[PDB]
Every structure is written in C-alpha cells, then in structure tokens.
C-alpha cells in the first residue's frame, strides 16, 4: 500500500504552496505541514527554501521536457507552423489537467534575480532542443526577402513563449474557465499562426 517517498511528498506540497503564495510569501513550515513531515525533514533533503524551490522547478520542467521530446519525435516531419499549433494545443490541455504545476511555473517571475538566473542557466540546454528545431525548420521556408531567419525565429519564439505566459496568468487558479475557453483559444491561435506564416513568407 505505497505512498510517495518523503522527497516527492515534499516536492508536491512545495509545488502547491509556491504556486499559491509565491516564493517570498511561502514558508517551508507550511510546506512541511502540508507534506505531513517534520519541519526538520525539509532541511534534510533540501537545506533551504531556495534549493527546495529550485529542485521543485527542475522536477516539474523535467516532466514537461519528456512530454515534449515524446511529441517532437513523433511530429518532427510536420510543417513548423503545423507543429507549433499542435504543440500549443497539447500544452493547453496539459495546463488545464495540471493546474497546480501551471500555477507553480509562473512564479519564476516573483523570485530574486540570482535564483531565477540559476534556473534559466540550468534550463537552457533543454529549452534549446525546441529552439534548435525551429531554427532548422526555418531553412525549409520561403522567407519574405525583407525578413531574416533571425527575425522569423525571434518572432516565432516570442509568440510561442509569450502565448503561454499570457494564458497561464489569465487562467491562474481558474482551470474550468480555461477548459471553457479552450476551443476559442485553439481557433484564435490557428488564425494567428496563419497570419504569421502569411506575413513572414513569399
């Protein structure tokens, strides 16, 4: 009759409390209470609140990276706009089905610059898999003689990652509204990717 290891129980309570209160306002005392472990047990596995936040963020993002590399290996041969639309759909569904993780990921803004930099350095290698793929797919595109692969890549990455920032924040704490607006969001995103393709290509 198995439960979560004490480390995974702690990381799950962390994700919940950090997502609710943010980094600065959350306490390891309430994370421990919520994990049903001794206050001293967090220090044992995690040393400080900062390191707890860091490992919880690495654990969630590693979960997402697996989803992605799954998707990537199956959809690699698609047209890139087609690829992005389908991936965005899949991320939308993931977020509505995992609201606590969604809420937790968006707290990265609130933390002090040294912790956020640390996380972004350590995430760069895995975020570069998607970045590098788009870059490579843009070679198979007829770019408007006014538009560099550089501006295309930049615009596309900003659309992809800004769209995520926007819905995670707009639907923070409101999964049923996200589910309610899902089909409209998906249709909006289709037309917008079509605007980009048209404006960007010959």
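Numbering follows the first chain given and starts at 1.
Visitor: Pick between 53 to 61 and 139 to 147: the one whose mean CA B-factor in the entry is higher.
Guide: Taking the mean C-alpha B-factor of 53 to 61 and of 139 to 147, the larger value falls to 139 to 147.
Visitor: Check where residue 103 lands among this chain's C-alpha B-factors and tell me if it's the lowest, middle or highest third.
Guide: It belongs to the lowest third of the chain when residues are ordered by C-alpha B-factor.
Visitor: Please rank the C-alpha B-factors of the chain's modelled residues and tell me whether residue 96 sits in the lowest, middle or highest third.
Guide: Middle third.
Visitor: Pull the Cα B-factor of residue 123 out of the PDB entry and bin it into the chain's lowest, middle or highest third.
Guide: Middle third - that is where residue 123 ends up once the chain's C-alpha B-factors are sorted.
Visitor: In terms of the chain's CA B-factor thirds, is residue 112 lowest, middle or highest?
Guide: Within its chain, residue 112 is a highest-third residue by C-alpha B-factor, going by the deposited values.
Visitor: Sorting by Cα B-factor within the chain, modelled residues only, which third would residue 171 end up in: lowest, middle or highest?
Guide: Lowest third, going by the recorded CA B-factors of the chain.
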